[PDB]
Ligand code: CLA
Ligand code: CLA
Ligand code: CLA
Ligand code: CLA
Ligand SMILES: CCCCCCCCCCCCCCCCCC(=O)OC[C@H](CO)OC(=O)CCCCCCCCCCCCCCCCC
Ligand SMILES: CC1=C(/C=C/C(C)=C/C=CC(/C)=C/C=C/C=C(C)/C=C/C=C(C)/C=C/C2=C(C)CCCC2(C)C)C(C)(C)CCC1
Ligand SMILES: CC1=C(/C=C/C(C)=C\C=CC(/C)=C/C=C/C=C(C)/C=C/C=C(C)/C=C/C2=C(C)CCCC2(C)C)C(C)(C)CCC1
Ligand code: OEX
Ligand SMILES: [Cl-]
Ligand SMILES: [Cl-]
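Protein chains in written order, with the authors' numbering: chain C, 13 to 461; chain S, 47 to 289; chain I, 1 to 35; chain Z, 1 to 61; chain J, 7 to 42; chain A, 9 to 344; chain K, 10 to 46; chain V, 2 to 33; chain E, 7 to 82; chain W, 60 to 103.
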């Protein structure tokens, strides 16, 4: 590597020394990709080595095996696991690919060419060559669209994906007739992010999921071809900054938005994150608790539509602000929760009284009781329950872990976007190192501020 | 054009710049033949005369294996898709008409026609045809014939013609008069032929392993990739789950 | 009360449009520095 | 058929350790990559062959 | 007099400190104070 | 040539000649904020009682309904609404819009937009003045704290009623109930936040005492030392070497800041990163990650429970938990 | 659990999560070795 | 236990690999 | 002047600290592993927290006879 | 029904638009701001 005097960047900003070095940039990137696939494979092997079959995966502290099981590998009806060999194969393949990527990144970092422009014109680039940056972006867009279409092919012809909305408690379903209608697909995008709408977190069926994936894959492929065969327009060239730190800041803002959004999926969505693998959500656990105590007091010979609470609002069933029949108590705030075990009990006017009385199911009751016992309430010592609870239960929801970690990473990366966008603007401007001391802009304009 | 990557001292090699510097490339591979990648892990190239004598067999193998790969993958695919082939599988095609049950030839787009020829007659005319063909190849003499390129060529057209690349009667569509396009099409031909030999070897070993044709292999692999591959067919039958 | 929603939507869209097209209005040329 | 798979996997682990220790050493050595070509290529080839051998022997065990 | 490198001394000291802290964190899940 | 209306408006907006810089971030910062202040003053003065818990038990919160300044607070939204969006047009009448806590959502949304565009405007003025732009990066920590306590915690708990009430006694109620729920005192992120504000006070006193102690004598004892400093001067006003030497022989020589740039960077970075950590702690508690749980950890050889200070903290958490929202729980487990 | 053929390799499986932390700490070690130039 | 012993040996071999390569590069020429 | 760059890089320093620091570590280990810490600091062992006469937390409930009463309420 | 409501909660309304007049004023305001920006070009 280089030093402080030859580059002007200190060791704690050493990667800035490889801003203009394309070969070392590529080496750092490939070594980092090797690190990411290494974590994927190593965590997969660790989780399958620490996997217990007679327990649900949300009690065992796993986050990658639920991801693989959602795609429908080694799982059967009801969310039960049938084989861990697909997870083991995925982990081993990721470890080998990580070895390959790490070798490539290390080779380019150490003895790879320093600059690719004078010897490899296809891979050479300067940060102001907007055409070449759009070509690289187009290639990556083709790769992303191919990956989305690969997921689509997996859910269509390659065993399908796990449907938690299947009758009986969910099963590995083959997707038939994906909803490719632009209106319903993009109504998620132009939706409000508040309660009752939830923006794209409230996607409730694999048909819309696969339709949106088909749409995003086709859009990404056409956008990649467009970027390969076009150049940024003059309005975009006037509006944007064309430095490497600027491009990094744009990517940082984007991935911060994705981190916050994925935190919201992990906390609220139970379709792309099935509850049989990730545990119940907050609303799901509260509604499961209310429904379990509902059926308990119904078995104990107590009227459920009547028999109001101490506030006269309803102990078991009452009215939502819109007017639907919802579960009583503080779980009113979770009246928009939709799960596989409430929908058969829900009619046109919300929770039907006759359906809740006679159309009950033992599997629904068992799932609700298990979700009530396993709410996403825990300490960072992995102590189940609220903060007052005794150190006796070793469980914290994977949904809670994913949401906390991803919101943290999204916020740090938003601040990183702030830092890099400001430094990119100041570096393109010319005063990123300070004030010129002979051309102070404040003294060039009049007093009184 | 664009011959600066398949010819000369700076060209595409079988290993990139970091793996293979140009110093340890063998001195008899100077980028004057088509498809020269400097690939010599073992000492078989010897000198220029030896490498061109082996390039003769390489080009013959390439041009034979291209037709071999196409004639393996086409009729099996047609039979699987619904044609009346009765023997589209390549490793059992010969055994069909052993006792006189002669094959059906499918001359698309208007095929399905019986061939009323027994095996002895077919092999006799094949020997007396291709022996004469290979005698014409190794001697460079032809009696007389008509080609779309040169019309009614006499016997004095094969003398002086380039070995392994005889222009004229074998080039009716031409597109080889320009030396630059001729050289890049030469490297195209040798690369396609190398891919074809690799494909034919893959066909043979795949057939030996799984007992079915390559078209059946590719169709079943696209039907179920993880559920049908080399590791699946080498497992024998199912697998005890690790639950 | 629909009129209130229409008015609020108009005001929000007006201010957001000024923001967006002001930043499209060649913002880096408002640089007090060199370049 | 399981013991030979375990032996091949242990050899693969040893070859991987030798690679991750020596490949940065070979690369960052002053004029060491020029002469360590054969040993590094042999190590990588043995690593790939052992990966393929463990993969093909997994189906038989 | 400068025989052993300072970076190697710091690496050894940091390794011992990290391992000792890992020992303390392991002791929170076993023995006394582990609710078991 | 700058004659067209949009060019003139753009030059006026990006003008650094104004008393307060507006900018393209200010064109959102100003109207959203003035909306928030207007409705906040009006609600704090004459807001009718708000049914916060959703149990038809309203909370006054406003001065004209019998609240003083400490007890006065804009009450959060009704629990029946939860995370639903409740603007005035989504209500049939202003009476029920005020009864259900709509002003709280309007203030919270406008305040979040206002602080975000204030941070953007800080960057914009740093850009238009030729300055380094990381003042907004420093200001990202109180913005993170406000977002965590006004939006992120209501998102994690599923109801805007769960946010921090806009007041003082409401703030204390939020903190007390929050301790009951999550045991925030026993959390590392909150511990780093407390260490950050304590160290921020310590370092503010340290830096101010070092600079004010080391000012160069340019006045007498009958006039204020501030009169010794002339604005716009280039001559230094204090002895950096004397201050650094005093600090070095006070605490440690080789562990002292001899460079003012590094010293001021440390002063900037310490409370900012600690407030980042505590805001992220609140946001992780929103998804119920909670603090350290050491209830019944020390056990003797016979298995009897040996109570500790964490067990006394558990007793405090129980006392808060059995009393918070005393009529809003029909069931034991507090999962909402 | 792991497959029966790969059961003895579980102890070397368990160490594999901490390698990226060891990698960033190795970057710090290398920077100490170059005397933080 | 055998599992604990193998875990400790694997952990020590991995955690020493970084210092091993850096010391070997520092004493074997340079370029680090 | 010994600016800590010579003492921490000298084998003369490190030959005597290779025994004194481990000796102190072993002394600290044995001090609590031999019960001497419980002896001198009065900390109760896990098996002696509760006696037969009392099965709850002890209470000092006195000032001028606190020595004798804590001797009576201790684990002998 | 004792009183009149818009009843716009939930349902996934595009930009929260319940009447076409709302989307039309969105389009009109954005279009007139864009038109002013487009006419006032070729400056500085
Ligand atoms: C993929 C995103 C990304 C990328 C590619 C970069 C890239 C770069 N950054 Mg940057 N940054 C990012 C995100 C990113 N950053 C984020 C999210 C933040 C937080 C706000 C920062 C804050 C930041 C600052 C302040 C600076 C850079 C700088 C730099 C440049 C030199 C980096 C270097 O060598 O420092 C060396 C790296 C280190 C010394 C490691 C830091 C130690 C970290 C903080 C330890 C944390 C680990 C901990 C276990 C994680 C858990 C925390 C939490 C997730 C729970 C470089 C081009 C420098 C620059 O501007 O150069 C021009 C610089 O000044 N970055
Ligand atoms: C994601 C982590 C990461 C990655 C991938 C990189 C990558 C890189 N850094 Mg960097 N760095 C990092 C983190 C990282 N850094 C952090 C956190 C800091 C703050 C302390 C720094 C500070 C820093 C500085 C100051 C500099 C770099 C530089 C470099 C570049 C060249 C280094 C070099 O060749 O010198 C030689 C390095 C060595 C000889 C150390 C050998 C260690 C080996 C490679 C470890 C490999 C082990 C692995 C298991 C091998 C497996 C391979 C195969 C068998 C699978 C390189 C592309 C230099 C640069 O900018 O280039 C101009 C430079 O000046 N970095
Ligand atoms: C970010 C990806 C990337 C990019 C842009 C490059 C770019 C480059 N590499 Mg490189 N490389 C990479 C990754 C990458 N590499 C990886 C992962 C490895 C480990 C195997 C290597 C190992 C490597 C070596 C050892 C060398 C190069 C060399 C080169 C340079 C020219 C020769 C060449 O193209 O080699 C061609 C590389 C191959 C033929 C490897 C096969 C790649 C095929 C095409 C895979 C198909 C991609 C497909 C989408 C699968 C991707 C998997 C994905 C899911 C992650 C060039 C600038 C050479 C050099 O440095 O010049 C002196 C050189 O010697 N690379
Ligand atoms: C993540 C992938 C990606 C990335 C990084 C880019 C990046 C870029 N694209 Mg591009 N594009 C992509 C995917 C991508 N595109 C895809 C998938 C398509 C196919 C649909 C296109 C089609 C496309 C076209 C036709 C054009 C670009 C253009 C551009 C350049 C300027 C865009 C701009 O001004 O900023 C952002 C743009 C805006 C802020 C104004 C657009 C208004 C919004 C963003 C459009 C969507 C409205 C909708 C209601 C928003 C709902 C979502 C929202 C609520 C979150 C820029 C470098 C332009 C260009 O310069 O040509 C090369 C151009 O004309 N792209
Ligand atoms: C809810 C309803 C709203 C939904 C809107 C969703 C559809 C549009 C969303 C994606 C639009 C892509 C914006 C890229 C160009 C933005 C910057 C620009 O402008 O680029 C600027 C560039 C400068 O050369 O120009 C150009 O490239 C020309 C690009 C702009 C061309 C579009 C203009 C549409 C015409 C509308 C005008 C109606 C005008 C008069 C209204 C008066 C009402 C009283
Ligand atoms: C798969 C899936 C799906 C689908 C999805 C999609 C399809 C999405 C998308 C989307 C889209 C399509 C989007 C768009 C976008 C854009 C953006 C997000 C942007 C941006 C940016 C910015 C912020 C800008 C700014 C600015 C301005 C405004 C001014 C000037 C300057 C600038 C330019 C910078 C669904 C849900 C169905 C289902 C499930 C799954
Ligand atoms: C350059 C640089 C660097 C580095 C970086 C990186 C990032 C690297 C890497 C790398 C990598 C990324 C690597 C990876 C790897 C992998 C491997 C090496 C592997 C393997 C294999 C094996 C051998 C396995 C085995 C097995 C199986 C198969 C299953 C079961 C289990 C077991 C384990 C047995 C640093 C920062 C230091 C410094 C600066 C510069
Ligand atoms: O609202 Mn406010 O505080 Ca969240 O936990 Mn559940 O809900 Mn109520 O209780 Mn606890
Ligand atoms: Cl409740
Ligand atoms: Cl309360």
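All residues carry an ideal CB built from backbone N, CA and C; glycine is no exception.
Contact under 8 Å by Cβ, residue i with residue j
i	j	result
residue 48/A	residue 83/A	no
residue 17/K	residue 97/C	no
residue 340/C	residue 357/C	no
residue 227/C	residue 197/C	yes
residue 247/A	residue 224/A	yes
residue 122/C	residue 236/C	no
residue 2/C	residue 68/W	This structure leaves residue 2/C out entirely; chain C is present only between 13 and 461.
residue 45/C	residue 149/C	no
residue 109/S	residue 82/S	no
For residue j and residue i, the rounded distance between their alpha carbons
i	j	result
residue 40/J	residue 5/Z	40 Å
residue 356/A	residue 422/C	The requested residue 356/A does not occur in the structure, where chain A is confined to residues 9 to 344.
residue 333/A	residue 179/A	15 Å
residue 173/S	residue 182/S	14 Å
residue 22/C	residue 240/C	37 Å
residue 147/S	residue 163/S	10 Å
residue 102/W	residue 251/C	14 Å
residue 116/A	residue 55/A	16 Å
Three-way DSSP call (helix, strand, coil) for residue i in this model
i	result
residue 141/C	coil
residue 83/S	coil
residue 330/C	strand
residue 337/C	strand
residue 160/S	strand
residue 366/A	Absent from the structure is residue 366/A, since the part of chain A shown begins at 9 and ends at 344.
_Lining residues of ligand 10 - beta-carbon closer than 6 Å to any non-hydrogen atom, in sequence order_ = After applying the 6 Å Cβ criterion, the set is 181/A, 185/A, 332/A and 333/A.
*Would you check if there are 3 or more beta carbon pairs closer than 8 Å linking the segment 5-19 of chain I to the segment 83-93 of chain W?*
Yes, since at least three Cβ pairs between the segment 5-19 of chain I and the segment 83-93 of chain W fall closer than 8 Å, the two stretches touch.
_Under 8 Å, with one C-beta from each stretch per pair, do the segment 156-174 of chain A and the segment 239-253 of chain A reach the 3-pair mark?_
These segments do not touch.
*asked:* Taking 6 Å as the limit, name every residue whose beta carbon sits nearer than that to some heavy atom of ligand 6, in sequence order.
replied: Residues with a Cβ closer than 6 Å to any heavy atom of ligand 6, in chain order: 197/C, 200/C, 201/C, 212/C, 215/C, 220/C, 221/C, 224/C, 225/C, 227/C, 228/C, 251/C, 20/I, 23/I and 24/I.
*asked:* With a threshold of 8 Å, are at least 3 pairs of Cβ atoms found where one atom belongs to the segment 439-451 of chain C and the other to the segment 26-33 of chain I?
replied: Contact between the segment 439-451 of chain C and the segment 26-33 of chain I is established, with three or more Cβ pairs separated by less than 8 Å.
_Contact the segment 127-139 of chain C vs the segment 242-261 of chain C: 3+ CB pairs below 8 Å_ = Three or more pairs of CB atoms, one per stretch, sit closer than 8 Å, so the segment 127-139 of chain C contacts the segment 242-261 of chain C.
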